[PDB]
Every structure is written in structure tokens, then in C-alpha cells.
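Here's the structure we're looking at; comments come further down.
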Amino acid sequence: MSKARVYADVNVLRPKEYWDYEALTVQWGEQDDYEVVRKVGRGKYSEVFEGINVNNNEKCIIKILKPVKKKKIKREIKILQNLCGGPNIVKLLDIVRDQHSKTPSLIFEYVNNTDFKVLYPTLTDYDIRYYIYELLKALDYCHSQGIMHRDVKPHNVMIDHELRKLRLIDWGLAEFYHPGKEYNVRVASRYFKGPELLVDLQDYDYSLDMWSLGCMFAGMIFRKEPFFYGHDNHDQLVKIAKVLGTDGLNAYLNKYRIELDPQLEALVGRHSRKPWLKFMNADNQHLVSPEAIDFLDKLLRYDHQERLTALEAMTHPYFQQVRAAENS
Ligand SMILES: CCN1CCN(c2nc(Nc3ccccc3)n3ncc(C#N)c3n2)CC1
């Protein structure tokens, strides 16, 4: 068995009105109300464009979905709606469809984002602490709302560096947390998939997002994106092993009576643990202080139960300057 150490009973105490998303009746707005201005991206699940709200003439983001199941789409909507107003949670503005094909589009707020590939390398020590902090506020909030994002990665963190505004986007994999429930482990992106997913542990929780966050954090301070560069689910676990070491992996597996798949256990092999400092270099030295290391260390743990919760992370001393600045 395995349950979240915090916010475990959020959905238990809330009525079906909150988490029974398959009972959602979508209210569609007017598509014409939003016009395309330029494509900003694409993914396996949609095509994204910078749009404009003809009425108020305000900038927006138009996400044109590719064929998806009604269940999956009512889940993203129900969740978006559930989290609206939360700290740094992207706001869902409208939901429309194409009469002819029924193709749906989710209209979100616009964020003048700067590609992480280019943005992150310019971030200062303080910028990093600041943005991670903002992102943590979003995670604690949704976790406190009985929700797991399940796909934390740079690509889903929009940042308007100019205005230092951050938003956690793409809640297309998010789920409501139910104690003991077994979820699909086919979530998140490879480079940010936690061990629980890599070893099929299905009764995972909010903590999976913290491993992802840790991956993002390590890449940022060590200036190595992505930090864990594997090519398939099995090789992802091998890269993780060559760093944290296999003893930790074994104890983890043993604690959860989990048996690895033969071929997989074959690839992993046996690896000593590599100190976090073995990743320091002239390119990232101005970013790897002990606090940054202590913090990273408490995020990237095999046992998801051992990882810091979002609330705990926000209070780590690494963020003290950000906290002191805010409380002013
Ligand atoms: C990172 C990959 N991809 C990029 C496009 N996309 C995307 N892009 C933006 N902003 C943006 C504006 C100008 C240039 C680039 C981005 N936003 N802003 C809000 C959301 C929302 N909701 C969103 N999604 C979705 C994610």
C-alpha cells in the first residue's frame, strides 16, 4: 500500500460535485470570439497559437486539440476550472468547438513566454530561486486541491521574464488524488518521469511532481538540460541509477515489494552513488551553492515518500531571500 503524506483526504471530504469529472457538461463559447495571430507551438496533443479576443481585443492562447476522448477532455477542463485563481495556475478563459468537425479549442490566458532553451541560460542565481519558488506555489496549491499535475517540465512552465510572471500550464495529464487508487504510470515526459512510474508503482501521488521539479532544478543549476538524458523508459531508469546509485534503488524496490523486470534489472546493473558536486564546472559554478545542493538532494529521492512536499520545499533556506523579499 501507499498513500500521500499530505492532502490525502482532499477528495474524500469534497462532494462528487468536485472530482466526479465525467459528470461535467461542457458549456461552449463562441469560436469567432477568438482569432489566430500566429502559431507558437505544437505537440502530439495539439497545435498552439497566439490569438486575440475580438471583443476586448486582449491577447490569448488558442489550443486546438487533436482527436481526444471525451473523458480525457472533461478531465482537463474540470481540473482547470477547479484550480482557477490558484497561485500561478494558468487560467482557462473559454472552450469552443468547430461546428462542422467538432474540433475543440481551449482558450487560455496569454503569457509572453521566452523559450527555456534560451531563457534559462541567462537566469541568475536569484532568478532561479525566484522562479522555482513561484512554480512551487502552483504545485502546493493544486496538491492542496487534491490534484496531481503529472507532467512537470520546462515546456509546461510559461515565463514572461520581463514581468517575472510564471504560469504552470498544460493540465492534460493531471488527475484527482484518491487514497489507494492505482493510476496509469504512462504520464509525464520521459526526462522527468519519476522512479515510481519507471518501476510501475501505480499507487503514486503528489510526490511524483516533486521528482519532476527536482529534475528541472538540477538542469538549471548544473546547466545541463535535460539532467537525466535517457532515450526510453528503461534507459531513463538507468541514467537515474548511474547517479543516485543502485543501493538506494534496491532498498526502494524492497520497501515496496516491487520486483524489476529481468531485462530492465539487466540494464540498470550496479552503480555507486555520485556526489552532486561531481557535476560542478566553470559554466555552472556561480549556481551550485550548498543550499542549492541540499535542496536538490531532498527532492531527487527514489522513495517518493521521502521527497520534500511542495509546502516543505517552499520553506527550505535556499529560498530565504525570495521569502524575505515577498513579505515586504
Ligand atoms: C513550450 C512548448 N509550448 C510553447 C507554446 N505553448 C504556449 N505558449 C504560450 N505562450 C507563448 C507566447 C509566445 C511565444 C511562445 C509561447 N502560452 N501562454 C499560455 C499558455 C497556456 N496554456 C501557453 N502555451 C504551449 C507550450
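Note: ideal-geometry Cβ built from the backbone for every residue, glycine included; neighbour counts use all protein chains shown. We did not get these values from a lab; they are worked out from the coordinates using the rules stated.
This model, with +1 at the C-beta of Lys and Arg and -1 at the C-beta of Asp and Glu, gives the range 20-110 a dipole about its Cα centre of some 640 debye. Angle of helix 125-144 to the longest C-alpha principal axis of the chain, folded into 0 to 90 degrees and rounded to 10: 70°.
The alpha carbon gyration tensor of the range 155-238 gives principal lengths a ≥ b ≥ c with a/c of 1.5 or higher and a/b no greater than b/c, which makes the shape oblate. Quick check: the angle from helix 70-83's long axis to the longest principal axis of the chain, C-alpha only, nearest 10 degrees? That works out to roughly 80 degrees. Close amide-amide hydrogen proximity is noted between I147 and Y177, each under 5 Å apart and 5 or more residues distant or on a separate chain (H modeled in the peptide plane; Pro and chain starts excluded). Which residue fluctuates the most in the chain, going by a Gaussian network model with Cα springs under 10 Å, if the choices are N281, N82, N56? The residue that fluctuates most here is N56. Per-residue 3J(HN,Hα) values for the range 199-209, derived from phi via the Karplus relation 6.51 cos²θ - 1.76 cosθ + 1.60 with θ = phi - 60°, read 10, 6, 5, 7, 8, 8, 8, 3, 4, 4, 5 Hz in sequence order (x marks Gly and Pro). Within the range 156-203, the proportion of C-alpha pairs whose separation exceeds 12 Å stands at 71%. Normalised size of the range 208-254, defined as Cα radius of gyration per 2.2 N^0.38 Å with N residues, equals 1.19. Given 20 °C and 1.002 mPa s, how large is the Stokes-Einstein diffusion coefficient of the chain in µm²/s, with Rh as the Kirkwood radius over Cα pairs? Approximately 103 µm²/s, per Stokes-Einstein.
Extension gain for the segment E326 to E109, taken as residue separation times 0.36 nm less the Cα-Cα distance, is 75.7 nm to one decimal. Along its first, second and third principal axes, ordered by size, the range 20-110 spans 35, 35, 25 Å in Cα coordinates.
Here is the list for the range 80-123: trypsin sites (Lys or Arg not before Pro) lying in DSSP coil, each with at most 11 other C-beta atoms within 10 angstrom of its C-beta, are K102. Fully extending the segment from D98 to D20 would add 25.4 nm, taking 0.36 nm per residue of separation and subtracting the current Cα-Cα distance. Here's the picture: a label point sits 7 Å out from the Cα of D160 along the beta-carbon direction, and within the range 34-61 the residues with their amide nitrogen under 15 Å of it are 50-53, 57-61.
Taken about its Cα centre, the chain carries a charge dipole of roughly 540 debye when the Cβ of each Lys and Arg holds +1 and the Cβ of each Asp and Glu holds -1. The loop-placed GluC sites (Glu not before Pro) in the range 1-62, going by DSSP, that have at most 16 neighbouring Cβ atoms within 10 Å of their Cβ come out as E30, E58. Over every Cα atom in the range 100-251, the radius of gyration and the widest Cα-Cα span, Dmax, amount to 16.4, 57 Å.
Over the residues of the chain, the helix contribution to mean residue ellipticity at 222 nm works out to -10000 deg cm²/dmol, using -39500 (n - 2.57) for each DSSP H run of at least 4. Close amide H contacts of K91 (hydrogens built in the peptide plane, cut-off under 5 Å, sequence separation of 5 or more or a different chain): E109. Between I62, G41, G85, whose Cα lies farthest towards the positive end of the dipole of the range 20-110 when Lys and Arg beta carbons carry +1 and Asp and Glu beta carbons carry -1, centred on the Cα centre? The one lying farthest along the dipole's positive direction is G41. Relative to the longest principal axis of the Cα atoms of the chain, the long axis of helix 246-255 lies at roughly 70 degrees.
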